[PDB]
Amino acid sequence: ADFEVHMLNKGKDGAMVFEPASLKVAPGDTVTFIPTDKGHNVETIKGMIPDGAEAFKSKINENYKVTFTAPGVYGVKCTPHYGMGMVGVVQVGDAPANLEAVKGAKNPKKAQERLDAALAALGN
Ligand SMILES: [Cu+2]
């Protein structure tokens, strides 16, 4: 399955958002991060990627397709807008094994708020 996440200046949850900010996929699915607004990118957050994943960081304005192979929870940010809370979560598979690290990872306040809401939306 191939999914899309929009990078937006304004969305349902306010300014500087990924929509959807919460997504559950299967191993081998893809997610494309779409630069619907300019000025955004996607980057994995420190501490928020599972065993066997590779860190990643797109270029600003890049239409960025990730194939998710390693199971677990991924926290992503927009690099410039991380302090404004531009973040999202992708869960790959069921029963993610890296929740403790994910939940303990440090983040700016607005980021943490949105991450925690994304995680709760995933039933995590
Ligand atoms: Cu951004």
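We count from 1, first residue shown onward.
The deposited model was determined using X-ray crystallography, 1.1 Å.
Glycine residues also receive a Cβ, built from the backbone N, Cα and C atoms like all the rest.
Listed features, source Swiss-Prot:
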type: DOMAIN; residues: 5-93; note: domain 'Plastocyanin-like'
type: BINDING; residues: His40, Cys78, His81, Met86; note: Cu cation binding site
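Where Swiss-Prot records a feature, it is marked here on the structure.
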| residue | record | DSSP class |
| --- | --- | --- |
| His40 | Cu cation binding site | coil |
| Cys78 | Cu cation binding site | coil |
| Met86 | Cu cation binding site | coil |
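Same-chain residues at least 6 positions away in sequence with a Cβ under 8 Å from that of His40 (Cu cation binding site) are, in sequence order, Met7, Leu8, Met16, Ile60, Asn61, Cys78, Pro80, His81, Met86.
Those residues of the chain, other than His40, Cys78, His81, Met86, with a C-beta within 8 angstroms of the mean position of the Cu cation site C-beta atoms are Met7, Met16, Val17, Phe18, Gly39, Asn41, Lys77, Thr79, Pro80, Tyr82, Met84.
Residue counts for the domain 'Plastocyanin-like' (5-93) by DSSP state, with H, G and I taken as helix and E and B as strand, are 3 helix, 41 strand, 45 coil. Within 10 Å of the C-beta of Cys78 (Cu cation binding site) there are 26 other C-beta atoms, taking all protein chains into account.
Neighbour count (other Cβ atoms within 10 Å of the Cβ, all protein chains): 21 for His81 (Cu cation binding site).
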